[PDB]
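K.L.:
Can you look at this? It's an experimental structure, sequence on top.
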Amino acid sequence: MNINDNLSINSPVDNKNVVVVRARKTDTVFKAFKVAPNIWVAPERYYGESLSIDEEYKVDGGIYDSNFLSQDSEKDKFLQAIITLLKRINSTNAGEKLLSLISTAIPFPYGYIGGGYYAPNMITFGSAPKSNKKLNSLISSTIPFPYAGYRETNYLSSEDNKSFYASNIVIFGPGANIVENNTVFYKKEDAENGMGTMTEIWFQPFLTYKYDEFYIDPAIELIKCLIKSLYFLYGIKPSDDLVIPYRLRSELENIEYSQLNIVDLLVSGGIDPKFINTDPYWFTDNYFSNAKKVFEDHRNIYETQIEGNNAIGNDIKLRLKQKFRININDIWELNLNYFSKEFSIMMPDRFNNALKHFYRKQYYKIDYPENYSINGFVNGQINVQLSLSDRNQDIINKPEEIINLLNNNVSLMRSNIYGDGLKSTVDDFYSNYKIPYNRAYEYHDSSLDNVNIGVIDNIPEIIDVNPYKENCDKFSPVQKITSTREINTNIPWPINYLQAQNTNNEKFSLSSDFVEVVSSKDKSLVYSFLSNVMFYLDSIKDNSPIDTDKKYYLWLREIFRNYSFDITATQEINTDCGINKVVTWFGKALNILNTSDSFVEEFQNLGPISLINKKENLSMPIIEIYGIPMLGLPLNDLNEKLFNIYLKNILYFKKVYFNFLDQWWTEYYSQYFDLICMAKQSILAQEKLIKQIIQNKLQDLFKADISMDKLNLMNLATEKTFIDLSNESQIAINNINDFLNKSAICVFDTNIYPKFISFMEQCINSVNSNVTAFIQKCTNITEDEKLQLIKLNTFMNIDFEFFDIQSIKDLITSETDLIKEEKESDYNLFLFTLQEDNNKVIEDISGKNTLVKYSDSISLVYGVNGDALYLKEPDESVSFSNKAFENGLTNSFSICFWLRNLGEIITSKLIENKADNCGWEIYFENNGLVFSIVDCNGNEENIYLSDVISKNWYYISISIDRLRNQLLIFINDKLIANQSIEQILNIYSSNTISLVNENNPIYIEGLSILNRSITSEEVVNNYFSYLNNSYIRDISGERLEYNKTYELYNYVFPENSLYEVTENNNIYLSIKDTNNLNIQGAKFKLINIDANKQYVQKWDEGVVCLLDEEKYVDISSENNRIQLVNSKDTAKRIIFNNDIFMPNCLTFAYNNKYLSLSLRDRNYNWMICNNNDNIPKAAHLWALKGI
Amino acid sequence: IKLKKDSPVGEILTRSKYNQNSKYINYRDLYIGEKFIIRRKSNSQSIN
């Protein structure tokens, strides 16, 4: 497979790759370009739909422009965009396999004109000349007369009707509606009989919309269209009447169900297809059986008549061989969820086929040379910088309902509600569906495996095509008219509340009285539920005007703090399904349970079912429990029969459970998802209101006597605060999502499962009675045998209880959710250092791709738990670049790293991000560090952190939380400072932070920058988990190693070094007395069985060597003290370990007994093998200091 | 993993599945492939 990327609209008509063909049998012709075998691209708009559509027939959400794709430049841009999308798809294995399958999956060819697919007739040609003796009449060549006689139905005809070109797919531009991707067939009859037919695709790659917080990649839409076309190619299109319920139209005051075709659900992916397509299958139709039977028939025909024939080209034969290599189940199991995981593309996953009703789309223009590459969106799917399209003003809006809120009878407000646009059905579908018993009574990322790309690439192209005379029937445009109702009411609907939060005036004002807002003639009020923000605004009202940048900074900080506190407010309550984090403000917005008192109070004294306005929508499905048929048999054989019946009944009881689950999803979860969509629309409205307020205030300030530099700084601070507010709003959205999803699940648990249990409880009796009757009707069995069998083949309640709360949670989780979880990070910089093989790599792995510039002079050593930057040479610098490092006014962050200073203690800078005065700094000063933070208004805050003496490992963790105006600084695992930074304004400094040595060699390890404040528990956990690495360390913190000279200290006495003392012609280790505290301490050495080993590990067994005669440690058997013997043979084998919470101190063990000190004995404290419990447990912890 | 017939490398094969009698049970064999073993490198710590 190779996509031809060397074509342009100006390419000559060569009749081989660029052609001018006819549109079906009409009088129009169009130009087509072949970018791959049997795949063509036609940039011009689709010929079928008429460009001029009467306003009555225009559909909701559509964009109509008859001048689009009329000029050649637009056509060339469209063609290049299609080629780029195809290249992006083919860049991945899944896309290559899909495209190869599309190319090879030609429609089945019709038989010879006479009929059959077996063999052609024969002919003879070339009679030899009359020889001297023999006439030689019969000496001639033999030919298959109708070679390649197979009639084909996939061909485009030239304008002259004298040439035909093979084609399976033809990608056109959009039809009458600019934004409507569609896939249509060539012949309806051939798309359902299993023969197949060519497909035509309408695609619009220049427009996309934003869902949630990401943009939609058109490649996914193209893949969806291609998958839908695959059905047409294989001729397995189901009847248009095979629809299924998709969503309950809650907004209507009637029982109406929206319906979706099976193909659309199976192809579109998402979470909807997961409730259908279960094991066992609860939904079934004759379509699947007919398709499988026809596919098997065609495969048999190919295998018994096509392969043997030697009078037909391989262009068709080899393609058909690969076409039937795959199975129909593979196609049915192929959906967008697989490509989303393969391509790591986010897409809508809930009711993605009915998004028109949930929220209105805003379209953005895509420049393909620039915004989209073979690797997807430039700068990612989230950070791509696109521009809102100018066609958004031409979007058609035909509401399905027009709510006219009144009051006595004066219309205060008028809101519009839009439909899904899918086919509807008033008749109940669940109540009239029979879960079948004698069908699907078994079966209680591998779909495209059978495709072989290389073989497809080896296929010769089709040159000569024998055309089928009638392969095109006609095109039937679909005309639709959208209705519009008027539902008058006096109780405001949620949509009215949502619309009350939008405005056009730039000098509006927040208000909390909905009636006051709507009754406003001036239209100067906007409804908002932000209590704290409005209260603060009213507090400052009638105060001194804002003139100084200091006042503006304080005002903006307070506004941001109040907005975040209000939006993220939650209250935890105890529900049966654990604990739920309810949203306090969900009542004031959307006008739900807003009658009085706290919303949480009503939500607790009333089930979560109360949120939705349409309850009790269940319907009992039809049940067909066939009775056991009869001939006698022995207990040995009858037992297997009864066991099989038991299993079949269990499976049927699931088929029903699954049906009830699908009912819950379609009728109950739809309302909760609608509530989610309405709630996240309010958050964006409030964010827009706050941003407009801030912009208005900044504009007012700009008309003041202030320097340009300060104004630019204020503008940058506002820009950063906008990102901060966006982050807060996203947190609120996540909280809303989690809360409402949990509410829906617990609604299923507490409101539907009991009814399912009740219904089956009335059905298990029938099965039990039938089984008992059948058992009693059998003669060849003992009475005790019958009683035992009845006791075995009877169903209790617990026999049909399938509820699994975790399975439901994993059922409403889409690939998009997994991708978001994977892509969610709290680190703006997470250093990763590797030495490799003379190829040292230092880089950020948090995903923010910080530019790191380091000199080659740096080195890497194993500091604590990995490679650590080692700055030794003077004037060594390391710089990290990132926009987020600019900080600002309202943003909380934290630095965390491990430091070791090998120098002394003059002042010396270590890390800084200062720009003249603004920023933060760290530097050694005296025998400790100093942390300095300074704003652009002169306010400073310098803290001195003592006890940072050299030759020790320290764990620095600094946190700045601007929500509480709290500064936390930890060293090791202790809290040193808890100062307040309420007077610290904008610290906008720079995009790069420099790390320098300045004549002091240093190890720096595990540098990390977090975009949030940290807690003491987090610091303690990280500090103690980092050091849990199976290595024993000296008091300094460096790895303990064998053969190194050390000094031994006891944790209880951290200033006394043990020394040898001779007593009773024996040498024991004791502690220096208070008076004689000047004697030089004894020096030790650790030996090991494997002398090659250097670095000590936990549980290691070794021998302690003490230095003239090379003494060794032995344990006296008379007094239990530790003595010294001049022989390694008699020395004991000590085991080394350490405590997790005392990282730098180790423990000796022998025979599972810890060595420890002893109580005072006439100015001595011996080293002993203790067993008494009267010695404190801290006395058996030792420390080794480098000597 | 199965040791290669000729090359000194381990080829990767696909695990077997239960296909004996019942459609109600399905699992993949585990006691297949080369039998691996972990040997102490230095034998420094106690062998107990």
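P.N.:
The structure has been received and is ready for your questions. Residues are numbered from 1 along each chain as shown, chains lettered A, B, ... in the order given.

K.L.:
Just give me the residue closest to the centre of the chain.
P.N.:
Answering for chain A, as no chain was given. Centroid check for chain A by Cα atoms, centre = their mean gives residue A:819 as the closest residue, at 1.8 Å.

K.L.:
actually chain B
P.N.:
Centre-nearest of chain B using Cα atoms, centre = their mean is residue B:33, 3.7 Å out.

K.L.:
Does it fall in a helix, a strand, or a coil region?
P.N.:
coil (DSSP: H, G, I helix; E, B strand; the rest coil).

K.L.:
mind listing what the residue nearest to the centre of chain A touches?
P.N.:
A:340, A:344, A:346 (Cβ atoms under 8 Å, 6 or more residues apart in numbering or on different chains). The way it works is simple: take the backbone N, C-alpha and C, and place the C-beta from them, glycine included.

K.L.:
got it, and residue A:1098?
P.N.:
By Cβ under 8 Å, 6+ apart, the neighbours of residue A:1098 are A:1030-1032, A:1136-1138.

K.L.:
Return the nearest residue of chain B with respect to chain A.
P.N.:
Proximity of chain B to chain A (Cβ to the nearest Cβ) peaks at residue B:42, 3.8 Å away.

K.L.:
Look up which residues are beta-bridged to residue A:42.
P.N.:
Counting by DSSP bridges, residue A:42 is bridged to residue A:172.

K.L.:
Burial check on it, number of neighbours?
P.N.:
As a burial measure, residue A:42 scores 24 neighbours (other Cβ atoms under 10 Å in any protein chain shown).

K.L.:
Next: the one 3 residues further on.
P.N.:
Using other Cβ under 10 Å as the criterion, residue A:45 is surrounded by 22 other residues.

K.L.:
sec struct for it, please.
P.N.:
coil.

K.L.:
Over to residue A:556?
P.N.:
helix.

K.L.:
Surely it is in contact with residue A:718?
P.N.:
Yes: at 6.9 Å, residue A:556 counts as touching residue A:718 under the criterion of Cβ atoms under 8 Å.

K.L.:
more crowded one of those two?
P.N.:
Under the criterion of other Cβ under 10 Å, the comparison of residue A:556 against residue A:718 puts residue A:556 first, with 22 against 19.

K.L.:
related to what we said a few turns ago, could I get the contacts of residue A:819 in JSON lines, plus columns for secondary structure and distance to chain B?
P.N.:
Formatted as JSON lines, these follow (DSSP: H, G, I helix; E, B strand; the rest coil; distance: Cβ to the nearest Cβ, whole Å):
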{"residue": "A:340", "secondary structure": "helix", "distance to chain B": "26"}
{"residue": "A:344", "secondary structure": "coil", "distance to chain B": "25"}
{"residue": "A:346", "secondary structure": "coil", "distance to chain B": "32"}
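
K.L.:
Narrow the contacts of residue A:1098 to just the buried residues.
P.N.:
Applying 16 or more other Cβ atoms under 10 Å in any protein chain shown to these, the neighbour count classes A:1031-1032, A:1136, A:1138 as buried.

K.L.:
Report the two of those separated the most.
P.N.:
Spatial extent of those (Cβ to Cβ) is set by the pair A:1031 and A:1136 at 10.8 Å.

K.L.:
any residues in contact with both of the two?
P.N.:
Common neighbours of residue A:1031 and residue A:1136 (Cβ under 8 Å, 6+ apart) are A:1096, A:1098.

K.L.:
How far off centre is stretch A:1029-1046?
P.N.:
Offset of stretch A:1029-1046 from its chain centre (Cα atoms, centre = their mean, to the nearest Å): 43 Å.

K.L.:
Near chain B, which residues of chain A? Just list them.
P.N.:
A:442-444, A:647, A:1088-1090, A:1092-1093, A:1099-1102, A:1133, A:1135 (Cβ under 8 Å from any Cβ of the partner chain).

K.L.:
do that again at 6 Å, thanks
P.N.:
Counting by Cβ under 6 Å from any Cβ of the partner chain, the positions of chain A adjacent to chain B are A:442, A:444, A:647, A:1088-1090, A:1093, A:1099-1101.

K.L.:
which parts of chain B sit against chain A?
P.N.:
B:23-24, B:42, B:44-46.

K.L.:
export these to JSON lines and tack on secondary structure and neighbour count?
P.N.:
JSON lines is the format used below for the residues of chain B next to chain A (DSSP: H, G, I helix; E, B strand; the rest coil; neighbours: other Cβ atoms under 10 Å in any protein chain shown):
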{"residue": "B:23", "secondary structure": "coil", "neighbour count": "12"}
{"residue": "B:24", "secondary structure": "coil", "neighbour count": "13"}
{"residue": "B:42", "secondary structure": "coil", "neighbour count": "13"}
{"residue": "B:44", "secondary structure": "coil", "neighbour count": "17"}
{"residue": "B:45", "secondary structure": "coil", "neighbour count": "19"}
{"residue": "B:46", "secondary structure": "coil", "neighbour count": "11"}
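
K.L.:
of all these, which comes closest to residue A:885?
P.N.:
residue B:42 (45.9 Å).

K.L.:
which non-adjacent residue is nearest the closest one?
P.N.:
residue A:1090 (3.8 Å; Cβ to Cβ, 6 or more residues apart in numbering or on different chains).

K.L.:
The one you found belongs to a strand, doesn't it?
P.N.:
No: Residue A:1090 is assigned coil when assessed by three-state DSSP, not a strand.

K.L.:
and the closest residue to residue A:607 other than its chain neighbours, helix, strand or coil?
P.N.:
Excluding its sequence neighbours, the residue lying closest to residue A:607 (Cβ to Cβ, 6+ apart) is residue A:750, at 6.5 Å. Three-state call for residue A:750 (three-state DSSP): helix.

K.L.:
what do you get for residue A:832?
P.N.:
Looking at residue A:832 with three-state DSSP, the answer is strand.

K.L.:
Let me see the contact set for it.
P.N.:
Neighbouring residues of residue A:832 by Cβ atoms under 6 Å, 6 or more residues apart in numbering or on different chains: A:843, A:845.

K.L.:
for the closest residue to residue A:641 other than its chain neighbours, phi and psi?
P.N.:
Excluding its sequence neighbours, the residue lying closest to residue A:641 (Cβ to Cβ, 6+ apart) is residue A:633, at 7.5 Å. Main-chain torsions, residue A:633, degrees, to the nearest 10: phi -170, psi 160.

K.L.:
separation between residue A:633 and chain B?
P.N.:
As for residue A:633, its distance to chain B is 19 Å (criterion: Cβ to the nearest Cβ, to the nearest Å).

K.L.:
tell me what the helix or strand encompassing residue A:538 is packed against?
P.N.:
Assigned by DSSP states H and E, residue A:538 falls within helix A:531-540. Applying 3 or more Cβ pairs under 6 Å, 6 or more residues apart in numbering or on different chains; DSSP states H and E, one finds that helix A:531-540 contacts helix A:549-567.

K.L.:
8 Å instead?
P.N.:
strand A:509-511, helix A:549-567 (3 or more Cβ pairs under 8 Å, 6 or more residues apart in numbering or on different chains; DSSP states H and E).

K.L.:
Show me what counts as buried in the helix or strand following the shortest one.
P.N.:
The one in question is strand A:509-511. Using DSSP H and E, the helix or strand that directly follows strand A:509-511 along the chain is helix A:514-519. Within helix A:514-519, the residues scored as buried using 16+ other Cβ under 10 Å are A:514, A:517-518.

K.L.:
follow-up on the earlier one: and the contacts of residue A:1098, which of them are in strands?
P.N.:
Assigned to strands by DSSP state E, the following of the contacts of residue A:1098 qualify: A:1136-1138.

K.L.:
from the stretch 301-450 of chain A, which residue is nearest to chain B?
P.N.:
Of all residues in the stretch 301-450 of chain A, the one sitting closest to chain B is residue A:442 (5.0 Å; Cβ to the nearest Cβ).

K.L.:
For the closest residue to that residue other than its chain neighbours, give me its contacts.
P.N.:
Closest residue to residue A:442 apart from its sequence neighbours, by Cβ to Cβ, 6+ apart: residue B:23 at 5.0 Å. By Cβ under 8 Å, 6+ apart, residue B:23 lies in contact with A:442-444.
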